[PDB]
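Line order of the protein sequences matches chains A and B. So for the first sequence, my numbering puts the first residue at 1; every next one is plus one. So for the second sequence, my numbering puts the first residue at 101; every next one is plus one.
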Amino acid sequence: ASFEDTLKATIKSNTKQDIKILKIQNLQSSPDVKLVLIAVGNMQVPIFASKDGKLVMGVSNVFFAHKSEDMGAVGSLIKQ
Amino acid sequence: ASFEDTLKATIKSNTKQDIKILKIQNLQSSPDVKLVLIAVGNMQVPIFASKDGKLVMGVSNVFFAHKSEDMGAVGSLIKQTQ
């Protein structure tokens, strides 16, 4: 099952909610976690997701990346 | 560089703090992310870490997993810290 289909399933299975995947952004630091922006209800909201889509973790204000630029990336979409 | 060493590096380089790793817990839903509990000074704080230790992401009150048990696992570990 693709990342978007797994990711869609993973959220629905825990929230009963049908989401739209708006924007997927890869992280230069590592391929294990993809920064993704989804539409739930009336808001667009960002999350972190395992590359397989079987885990989502909400964006918090703790985020350190081996590469500096990715911190800009998350900071950009959290302003989005 | 090993997972605990990379994780130590990637945290220190950005908070210039030296931390110990107390507990590492793998998530059954995926191996891509490890739930890890570290010590900053006299605080214990849980975090999520890419399996290679090159991303640390704070535990928030959003976390969804494909396998149900993993939610129990993090929910217990957030209780141990506070």
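Each residue gets a CB set at the ideal place from its N, CA and C atoms; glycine is no exception.
Skipping 5 residues on each side, what residues in its chain have a beta carbon closer than 8 Å to that of residue i?
i	result
residue 169 of chain B	128
residue 11 of chain A	17, 19, 38, 40, 56
residue 54 of chain A	6, 10
residue 44 of chain A	22, 37, 38, 80
residue 52 of chain A	3, 6
I believe residue i touches residue j by the beta-carbon criterion, under 8 Å. Please report the beta-carbon distance rounded to the nearest angstrom.
i	j	result
residue 114 of chain B	residue 58 of chain A	With 8 Å as the limit, residue 114 of chain B and residue 58 of chain A do not qualify as a contact, their Cβ atoms being about 20 Å apart.
residue 133 of chain B	residue 30 of chain A	No, residue 133 of chain B and residue 30 of chain A are not in contact; Cβ-Cβ is about 10 Å, not under 8 Å.
residue 46 of chain A	residue 78 of chain A	6 Å
To the nearest angstrom, report how far apart residue i and residue j are at their CA atoms.
i	j	result
residue 8 of chain A	residue 26 of chain A	18 Å
residue 102 of chain B	residue 174 of chain B	23 Å
residue 136 of chain A	residue 142 of chain B	Past the edges of chain A, shown from 1 to 80, lies residue 136 of chain A, and the structure says nothing about it.
residue 63 of chain A	residue 48 of chain A	11 Å
residue 76 of chain A	residue 176 of chain B	32 Å
Considering only residues of the same chain and omitting the five flanking positions on each side of residue i, which have a CB-CB separation below 6 Å?
i	result
residue 65 of chain A	29, 71
residue 167 of chain B	128, 129
residue 182 of chain B	none
Counting only runs that start and end within the segment 107-177 of chain B, where is the alpha helix (DSSP H) found for 4 or more residues in a row? none
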